[PDB]
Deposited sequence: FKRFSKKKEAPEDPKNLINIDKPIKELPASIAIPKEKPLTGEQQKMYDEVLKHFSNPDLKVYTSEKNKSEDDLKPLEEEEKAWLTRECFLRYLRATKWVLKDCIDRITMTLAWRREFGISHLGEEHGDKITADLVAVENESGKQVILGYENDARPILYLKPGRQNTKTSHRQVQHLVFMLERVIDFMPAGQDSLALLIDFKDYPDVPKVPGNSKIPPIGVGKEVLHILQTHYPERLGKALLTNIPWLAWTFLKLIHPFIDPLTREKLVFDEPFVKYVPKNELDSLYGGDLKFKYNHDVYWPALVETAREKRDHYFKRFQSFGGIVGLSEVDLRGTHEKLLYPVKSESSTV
């Protein structure tokens, strides 16, 4: 039958998928990067404790978990997102640090004090409306979004749930990659009892402001007829780089290995969502990844600027020693 029955996240990137080569930095880009590193490596630096309630009178230094989040690639994502405008890059990183503090995820895990816990959001995922499973052609972990399986009413918890899953998919990043792939299925799921808007604006703000360069590819399917037409109509007018991220009306297998894809979309993975099995496995797997990540961070001096290639790897010597 060729189908592979699976019910838990795939812990590692298979050796069959190579890690895409990283685009090189120009002498000047390398110079701006050093400026960002210097700024955040300042032992006296203090940052706002909140984004929404930002106050020049309430600043706090970088904690250890924050220094571990301020990585080489974190700097690069912001540098590229702000089009290498040093001042904007610094400001954005600072505001995301403030937001992570206000939102309750600045500690890199509930085990370090995060207010956003697995138990807090677990109910939101009981119908499997979001699933982390598999990796695509460019080694990007896959996040399935199935709005047609909505099981709860509009609430702020829905936002915390989304942020939690995004942070988890990020934990699943293999060494050498920092972008994810979203597979969005708009189909209606009647088997899922439907529950009987402010959240939209907060979701948008978070996605556009605090997760720069995370969208590697977006695979769309079962798009509503009318929505499809509007996408086709505006498509010729979307910036080249962005349009290349959008994939639709194409074989998903063309972008995702067959054994890494849900059979529901042409792959070989016979996946059925079972909460009492999938959720505990996801949380634990993510936990082990961050434990390793944080342990490496400490073994390398616990300083700002370390590379995620090194933090997520096991090689003895640093591939990217800090200047």
Open item on the list: Lining up the deposited sequence with the coordinates, I want the ranges that have no C-alpha atoms.
Closed with: 1-14, 211-217, 345-350
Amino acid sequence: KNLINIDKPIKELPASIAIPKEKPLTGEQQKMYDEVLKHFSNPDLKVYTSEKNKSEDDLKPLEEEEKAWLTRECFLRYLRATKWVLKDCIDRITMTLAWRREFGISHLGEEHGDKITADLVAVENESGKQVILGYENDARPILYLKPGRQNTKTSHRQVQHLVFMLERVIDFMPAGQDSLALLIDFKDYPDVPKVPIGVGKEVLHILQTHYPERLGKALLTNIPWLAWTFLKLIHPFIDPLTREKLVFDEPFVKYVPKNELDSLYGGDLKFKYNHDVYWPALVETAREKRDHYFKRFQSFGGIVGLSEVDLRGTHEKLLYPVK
From here on, numbers count along this sequence of modelled residues.
Open item on the list: In a third or more of the other compared PDB entries with flanking residues modelled, does residue 197 go missing?
Closed with: yes
- [ ] Tell me which of 61-69 and 255-263 has the higher mean C-alpha B-factor in the deposited entry.
- [x] 255-263
Task: Between the two ranges 202-210 and 246-254, the one averaging a larger CA B factor in the entry - done: 246-254
TODO: Choose from 187, 92, 77, 161 the residue with the greatest Cα B-factor as stated in the PDB record.
DONE: 187
Task: Selection by C-alpha B-factor (highest) of 168, 100, 149, 112 - done: 149
Open item on the list: Is residue 14 in the lowest, middle or highest third of its chain when residues are ranked by C-alpha B-factor?
Closed with: middle
TODO: Place residue 230 in the lowest, middle or highest third of its chain's C-alpha B-factors, as listed in the PDB entry.
DONE: highest
TODO: For residue 32, return the chain-relative third of its C-alpha B-factor as stated in the PDB record: lowest, middle or highest.
DONE: middle
Task: CA B-factor ranking of residue 298, expressed as a third of its chain - done: lowest
Task: Chain thirds of CA B-factor: placement of residue 240 - done: highest
